[PDB]
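Novice: One structure, pasted below without further comment.
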Amino acid sequence: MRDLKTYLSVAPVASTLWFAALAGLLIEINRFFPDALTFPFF
Amino acid sequence: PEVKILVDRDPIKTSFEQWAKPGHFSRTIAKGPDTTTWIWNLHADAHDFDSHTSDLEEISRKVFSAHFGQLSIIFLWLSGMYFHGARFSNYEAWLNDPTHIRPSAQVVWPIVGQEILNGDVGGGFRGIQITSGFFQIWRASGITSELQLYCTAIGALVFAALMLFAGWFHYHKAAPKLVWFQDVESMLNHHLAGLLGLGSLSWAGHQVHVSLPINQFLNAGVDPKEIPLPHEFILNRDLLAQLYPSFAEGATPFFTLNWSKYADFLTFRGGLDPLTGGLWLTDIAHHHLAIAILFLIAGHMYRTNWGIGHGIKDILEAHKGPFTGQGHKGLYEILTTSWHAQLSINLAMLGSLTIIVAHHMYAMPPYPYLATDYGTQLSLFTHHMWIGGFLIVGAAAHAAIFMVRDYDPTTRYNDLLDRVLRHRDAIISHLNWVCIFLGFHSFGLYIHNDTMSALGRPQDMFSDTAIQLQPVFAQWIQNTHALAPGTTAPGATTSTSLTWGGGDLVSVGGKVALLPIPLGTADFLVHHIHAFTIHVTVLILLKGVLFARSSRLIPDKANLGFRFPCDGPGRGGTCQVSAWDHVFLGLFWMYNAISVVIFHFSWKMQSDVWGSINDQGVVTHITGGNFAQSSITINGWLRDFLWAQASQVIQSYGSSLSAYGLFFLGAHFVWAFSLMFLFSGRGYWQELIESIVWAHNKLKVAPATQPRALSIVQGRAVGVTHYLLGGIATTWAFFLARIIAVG
Amino acid sequence: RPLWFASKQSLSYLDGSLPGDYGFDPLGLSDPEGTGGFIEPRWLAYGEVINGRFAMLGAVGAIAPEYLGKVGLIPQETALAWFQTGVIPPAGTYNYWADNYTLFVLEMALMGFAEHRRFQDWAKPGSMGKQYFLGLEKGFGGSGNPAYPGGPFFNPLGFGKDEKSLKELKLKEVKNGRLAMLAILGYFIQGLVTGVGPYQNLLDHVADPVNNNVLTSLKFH
Amino acid sequence: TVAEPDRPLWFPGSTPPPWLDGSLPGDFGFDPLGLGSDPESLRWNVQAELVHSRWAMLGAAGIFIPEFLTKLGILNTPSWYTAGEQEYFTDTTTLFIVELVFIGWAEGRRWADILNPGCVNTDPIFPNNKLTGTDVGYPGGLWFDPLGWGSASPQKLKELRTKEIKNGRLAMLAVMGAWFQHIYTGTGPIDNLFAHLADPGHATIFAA
Amino acid sequence: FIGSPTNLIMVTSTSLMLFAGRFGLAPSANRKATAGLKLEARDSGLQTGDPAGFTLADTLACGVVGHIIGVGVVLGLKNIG
Ligand code: CLA
Ligand code: CLA
Ligand code: CLA
Ligand SMILES: CC1=C[C@H](O)CC(C)(C)[C@H]1/C=C/C(C)=C/C=C/C(C)=C/C=C/C=C(C)/C=C/C=C(C)/C=C/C1=C(C)C[C@H](O)CC1(C)C
Ligand code: SF4
Ligand SMILES: [Ca+2]
């Protein structure tokens with residue numbers, strides 16, 4: 001468990017998880033507001 | 001002396017301690033990172049087992065377990081294939097009308113407007129067309145519904161899990177001992193008979209029961225869903241009796257040696273099936289039966305435990321003549337104590353085998369409705385060609401690694417290797433001369449033709465209408481092949497392939513499957529170009545292997561190791577003297593050779609083979625036979641091949657093939673990017689990184705792990721990797737777009 | 001002590017300490033030398049004994065229903081061959097009080113309890129006489145030898161108070177297990193090629209020896 | 001803590017993990033993956049199991065008693081699975097938000113106590129109340145323990161807590177089973193029980 | 001189909017090959033082959049009951065090769081006559 005946590009935070013694994021989360025977030029934002037070329041709210 | 005099962009219990013206990021420590025294998029790496037270079041090293045030596053330790057037993061155990069892991073990966077890949085075919089494919093629609101529907105087994109979710117890639121492939125389906133040729137394999141196997149594909153996918157997943165567990169269990173619970181790995185006689189006996197022979201017998205048994213009756217029903221016109229299930233043909237035997245009467249007697253012809261009675265489904269026809277455009281399945285079943293017999297016999301050669309057999313040492317040491325001293329004496333000990341020797345031999349053989357597979361597979365198509373699927377044919381040929389070339393280059397890499405590391409005349413002395421190392425200078429000098437001579441006469445003729453055409457002197461050109469260079473030998477050989485059936489090979493009705501001759505063009509669904517391929521002056525020139533490129537790459541690789549240990553420049557090159565940047569700017573400069581650098585150059589030359597080979601194949605097929613048949617039998621070829629007259633000059637290759645056929649890929653924007661144009665441009669980019677690494681040195685980059693690091697130090701944001709520039713060898717490796725990726729990917733996109741739009 | 005087709009290397013580790021030891025190990029699987037997972041000699045002996053026991057059960061059982069199906073009140077529909085009971089649904093099924101699949105799950109739960117307890121006894125001998133189990137654990141102690149646990153449950157009649165009786169009884173047990181085991185192999189292959197059933201096959205063969213093995217080589221199904 | 005070397009085990013004949021020494025209520029040594037090895041993680045998991053158990057016991061009661069009650073013509077609770085959309089006095093979102101703030105307050109109090117034991121037992125409005133419970137996960141007090149049934153000897157409280165955790169595990173499995181049944185079948189848990197009891201041999205999983 | 005030309009040919013072939021194997025005439029399990037001219041004597045490990053050291057592996061191998069040669073001869077003869 002402790003060693004699993006340690007290995008699960010090593011550079012490659014942490015980076016892949018971070019970028020998967022970022023990709024999912026951006027994908028969902030684009031899905032809800034697609035084809036957005038300007039900021040119209042204000 | 002005897003062959004038995006030897007293992008050791010619990011050599012390594014499964015745990016997570018070493019996961020937390022990056023690079024446990026190397027002591028200095030285990031200590032920790034001082035600079036960023038460390039990180040790269042950690043990956044560069046991940047699978048270099050023979051360097052982390054020196055015990056043969058540990059290396060062998062690691063190799064066995066890694067083999068299990070890779071086998072698990074392959075099984076997972078196959079399970080993914082079968083699942084995608086089962087769920088995200090139009091396999092049944094294609095099965096109902098093969099020539100009508102374009103195979104596809106991949107859809108893309110609609111997220112950022114990428115749904116344009118879900119093109120109209122037919123059969124009420126929208127997806128990405130696949131050129132892997134899986135649909136033809138499934139049709140040839142007798143798969144008719146998606147339930148069978150689902151079952152195969154689940155089974156492959158289970159076998160992937162089993163492979164993974166086997167790897168874990170064999171490395172951590174029961175690790176075979178060294179004497180077990182060194183038992184090569186029994187290994188060869190089992191692989192020849194237990195694996196190849198028995199596997200071929202099993203596949204022949206499947207083909208007799210499932211492939212033959214199912215494909216016969218399919219070709220008779222029965223709808224796929226109305227066909228009896230593959231198991232019924234086993235329960236009730238009259239089902240088989242109807243298609244082939246000889247099943248009525250059942251096995252008694254096989255045991256009374258009345259094998260002629262099995263001529264119904266065990267034939268020697270040859271050629272192609274006029275309906276499906278592939279090899280007769282009754283020929284393939286007989287093929288696999290004969291192969292099974294041959295391998296089951298050949299796997300009884302080497303002695304294991306019962307006296308009868310052959311000792312490989314005896315066979316090796318019994319061969320030697322006046323020109324080679326005591327040759328073959330000592331090779332058995334070399335090949336059973338060094339893994340790199342075996343790896344190099346096997347890599348060379350597998351690369352050659354893959355190349356031969358490509359050649360034979362486009363020569364006579366073995367799957368139904370594969371010949372007229374031009375995209376599949378082109379993609380399969382090109383893929384196998386590239387795989388074979390890479391494996392052959394790896395053969396040289398590992399031969400050089402063995403030469404540097406495991407070669408030792410004090411303890412393991414071989415006579416043939418000694419003589420080769422003693423006249424390497426003559427070998428390489430003559431090979432260099434051959435390379436120069438071939439280069440001048442193959443490419444020089446192209447330059448001559450180009451210059452004559454530019455000067456308005458077509459009568460002086462080396463063409464079919466000016467000065468002919470007819471390959472008389474190849475023409476004679478293929479003529480002898482055309483006349484073969486009924487003369488020299490009486491039992492065959494049709495020639496081995498339709499490329500030999502004899503006319504008998506074969507077409508399917510209005511498309512040309514195959515017809516005789518003519519050989520002329522352009523074929524002569526391109527074949528000599530092929531010979532030139534192969535010889536030059538062989539020169540590079542052989543020179544790297546032979547001069548790996550020492551030369552007249554650096555007499556102690558072995559002490560530096562297999563991989564190292566140089567030996568300083570002394571003696572005029574010793575850049576790229578190591579064997580690894582020779583492999584690095586051989587990669588470029590292999591890329592050149594394979595690119596020319598695939599270009600020749602594509603243009604020749606389009607010009608003289610592929611095309612559309614019409615009612616009167618007038619064949620209109622994709623390219624109107626311009627290869628014979630345009631391929632003899634470089635300007636023709638640049639204009640009538642690259643420029644003309646790039647239109648399909650460059651226009652792909654706005655359609656389902658837009659991804660191919662995107663990959664075309666991206667591959668161009670990555671290839672040009674590689675030149676950044678291939679042309680520069682690390683000193684400039686380190687000096688620039690110094691200023692960057694200072695800029696970071698000014699803001700208290702400098703990394704603790706000091707950022708060093710890439711090592712020299714790493715710079716070369718990155719350059720070659722990017723070069724190969726970019727070139728191969730741009731050719732991939734070009735071929736796929738061209739043949740999908742025009743095919 | 002007679003030996004059949006033994007090997008000098010096999011004679012080394014096959015000395016006679018196990019019942020039915022005829023020195024027959026040309027293959028050499030029982031290597032100790034090489035000892036490993038599931039290849040350890042004691043595990044192999046245990047597997048031989050257990051497989052022989054199950055095969056004896058299955059050989060007396062698979063032949064029974066189609067025997068008394070000819071003699072006795074037993075219903076005609078109830079008596080079928082060992083392959084038509086629903087073991088191989090393609091070859092025939094039957095309608096019991098359950099689905100054939102829930103039957104499998106129930107069989108599996110019960111057999112799992114039994115076999116898990118047996119194995120946990122094999123690994124750490126005598127470990128099943130400790131934890132509670134509605135009582136009955138004092139009878140699940142064991143006897144050191146896993147293949148022969150004994151006790152009030154597995155040996156209530158108290159056969160073989162002396163040791164020789166046990167020795168010869170073990171010899172008879174292993175011989176009968178091998179016999180029934182090879183006989184079940186015969187069951188399988190006969191029912192495959194001949195497809196009639198073992199008892200009816202015996203009856204039609206004993207009418208006259210016209211029904212040879214070579215006769216069935218035509219292979220109807 | 002009373003470490004019981006010879007407690008009954010989940011897998012008879014196998015040694016329990018070192019980190020499970022029988023201190024916790026309802027310890028049978030079940031930790032194949034070894035998730036709770038780290039002491040702090042062990043405490044966190046114990047709290048998680050307790051809260052999951054209590055939530056699941058409430059859920060099992062409120063899913064099964066009402067439907068066993070409406071199967072017999074006593075009252076008319078609808079199907080639990082589809083009970084989320086039947087419109088009430090207001091829309092579901094407002095109820096969700098108002099419920100969210102309240103349960104967030106309660107869970108924040110619980111979190112503060114978990115990560116700092118005995119630091120939130122006093123009522124912030126009237127500082128003369130004080131929850132009596134001195135154990136993390138067992139607040140006690142007049143609110144969560146008005147009857148004071150479980151304040152006697154530690155040994156008695158130990159087995160009472162074991163009863164609690166065992167009933168909780170059963171409830172968790174029960175609720176998950178009800179969910180999986182309603183998604184697999186298309187009826188209610190009481191309907192499934194009645195059908196299976198009518199045909200114990202054929203009305204099972206293998207009916208599809 | 002018993003006693004027929006094919007059965008007789010296969011019999012005689014297998015019987016002759018096995019007879020050669022049991023005696024000299026061929027490379028037995030206990031008899032090494034030098035270069036196809038002389039046969040040396042060795043002990044393969046597995047013990048034999050037959051006086052001439054004819055092991056079970058030896059008889060299996062001799063039978064198998066006898067069947068191979070018989071099948072070849074019979075098939076050729078039936079192919080031409
Ligand atoms: C399932 C649990 C498990 C656990 C806890 C361990 C634990 C351990 N193993 Mg082990 N192993 C396992 C399963 C396991 N293994 C299996 C299933 C196999 C068969 C393949 C092996 C075969 C094996 C070998 C041969 C060796 C070890 C070694 C080790 C030790 C060194 C660190 C390490 O694991 O490497 C690092 C951990 C990783 C996760 C590395 C990644 C490896 C996977 C296979 C990559 C997946 C490939 C991927 C698809 C590539 C495509 C890339 C793409 C995704 C971009 C360590 C104690 C080494 C050792 O003991 O040193 C003396 C040793 O040499 N293991
Ligand atoms: C079964 C085939 C096989 C096997 C088992 C091996 C095994 C081995 N090779 Mg070898 N090799 C092979 C084929 C093979 N090779 C072939 C075909 C070639 C010709 C290309 C080479 C050329 C070669 C060289 C030059 C060297 C080795 C070396 C080694 C050893 C260490 C490799 C390592 O772990 O470094 C680390 C491995 C990596 C860092 C992985 C590289 C990742 C590649 C470049 C990316 C691939 C890109 C992908 C295909 C597409 C893009 C995806 C991306 C965008 C996400 C190891 C024992 C090294 C050695 O020292 O020998 C002792 C070494 O110097 N090999
Ligand atoms: C936790 C107690 C529990 C109980 C008493 C039941 C009882 C029942 N279930 Mg159910 N089930 C449970 C949990 C439980 N389930 C869980 C956790 C799941 C999720 C996997 C399911 C999923 C499930 C499905 C999908 C179905 C049932 C069905 C049924 C009914 C017929 C049995 C059957 O064929 O399905 C077999 C159920 C299983 C194999 C899963 C049970 C395994 C868990 C771990 C419980 C083990 C029992 C435990 C050791 C002893 C219980 C104590 C006491 C009550 C005796 C039956 C009345 C079927 C039905 O509706 O009837 C037609 C049905 O379709 N269950
Ligand atoms: C030893 C060795 C070693 C050396 O070295 C070499 C060699 C020689 C190779 C070898 C060999 C071996 C062998 C051959 C073995 C065999 C075995 C078997 C057969 C088993 C069975 C085994 C068998 C078994 C268990 C069985 C069991 C059975 C059972 C349960 C049954 C059940 C049943 C019945 C009743 C009937 C019904 O209706 C159905 C069922 C339900 C099905
Ligand atoms: S330029 Fe680089 S590779 Fe060449 S001698 Fe100098 S350091 Fe070595
Ligand atoms: Ca051994």
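How things are named: the first chain in the structure tokens is A, the next is B, and so on; residues count from 1 in each chain; ligands count from 1 in the order shown.
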Can you tell me which residues surround residue 17 of chain B at a distance of at most 9 Å, considering only C-alpha atoms, apart from same-chain residues fewer than 4 positions away, and format the answer as a ChimeraX atom specification?

Specialist: /A:3-4 /B:21

Novice: Would you list which chain C residues are within 9 Å of chain E using only C-alpha atoms, as a PyMOL selection string?

Specialist: chain C and resi 5-9+26

Novice: Between chain D and ligand 3, at 9 Å or less, what are the per-residue closest atom pairs and their distances in Å? Count only C-alpha atoms and all ligand atoms, order by chain and rising residue number, and return it as CSV.

Specialist:
residue,atom,partner,partner_atom_place_in_ligand_line,distance
D:169,CA,ligand 3,1 (C),8.5
D:170,CA,ligand 3,1 (C),5.7
D:171,CA,ligand 3,1 (C),7.0
D:172,CA,ligand 3,1 (C),7.4
D:173,CA,ligand 3,17 (C),4.1
D:174,CA,ligand 3,1 (C),4.1
D:175,CA,ligand 3,17 (C),7.1
D:176,CA,ligand 3,17 (C),5.0
D:177,CA,ligand 3,16 (C),3.2
D:178,CA,ligand 3,11 (N),6.6
D:179,CA,ligand 3,19 (C),7.5
D:180,CA,ligand 3,22 (C),5.1
D:181,CA,ligand 3,25 (C),4.2
D:182,CA,ligand 3,25 (C),7.7
D:183,CA,ligand 3,25 (C),7.8
D:184,CA,ligand 3,25 (C),5.5
D:185,CA,ligand 3,64 (O),6.2
D:187,CA,ligand 3,60 (O),8.3
D:188,CA,ligand 3,60 (O),8.3
D:189,CA,ligand 3,60 (O),6.8
D:190,CA,ligand 3,57 (C),8.2
D:191,CA,ligand 3,60 (O),8.0
D:192,CA,ligand 3,60 (O),4.4
D:193,CA,ligand 3,57 (C),4.2
D:194,CA,ligand 3,57 (C),7.6
D:195,CA,ligand 3,62 (C),6.4
D:196,CA,ligand 3,62 (C),5.2
D:197,CA,ligand 3,57 (C),7.3
D:199,CA,ligand 3,62 (C),9.0
D:200,CA,ligand 3,31 (C),7.6
D:201,CA,ligand 3,34 (O),8.8
D:202,CA,ligand 3,34 (O),8.4
D:203,CA,ligand 3,62 (C),4.8
D:204,CA,ligand 3,34 (O),3.1
D:205,CA,ligand 3,34 (O),4.3
D:206,CA,ligand 3,34 (O),7.2
D:207,CA,ligand 3,62 (C),7.6
D:208,CA,ligand 3,64 (O),9.0

Novice: Dump the neighbourhood of ligand 4 as number ranges by chain: all residues within 7 Å, distances computed on only C-alpha atoms and all ligand atoms.

Specialist: C: 24-29, 51-52, 54-55, 57-59, 61-62, 81-83, 85, 87, 181-182, 184-185

Novice: Per DSSP on the backbone, what are the helix (DSSP H, G or I) residues of chain A, as a PyMOL selection string?

Specialist: chain A and resi 2-8+11-32

Novice: Ligand 2: which residues are within 6 Å, counting only C-alpha atoms and all ligand atoms? Reply as a list in words.

Specialist: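 Listed by chain and ascending number, the contacts are residues 43, 44, 45, 46, 47, 48, 390, 391, 393, 394, 397, 580 and 721 of chain B.
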
Novice: With a distance cut-off of 10 Å and only C-alpha atoms, select the neighbouring residues of residue 61 of chain E, excluding the residue or stretch itself and same-chain residues fewer than 2 positions from it, and output the selection as a ChimeraX atom specification.

Specialist: /B:300,308 /E:18,21,28-29,55-59,63-67
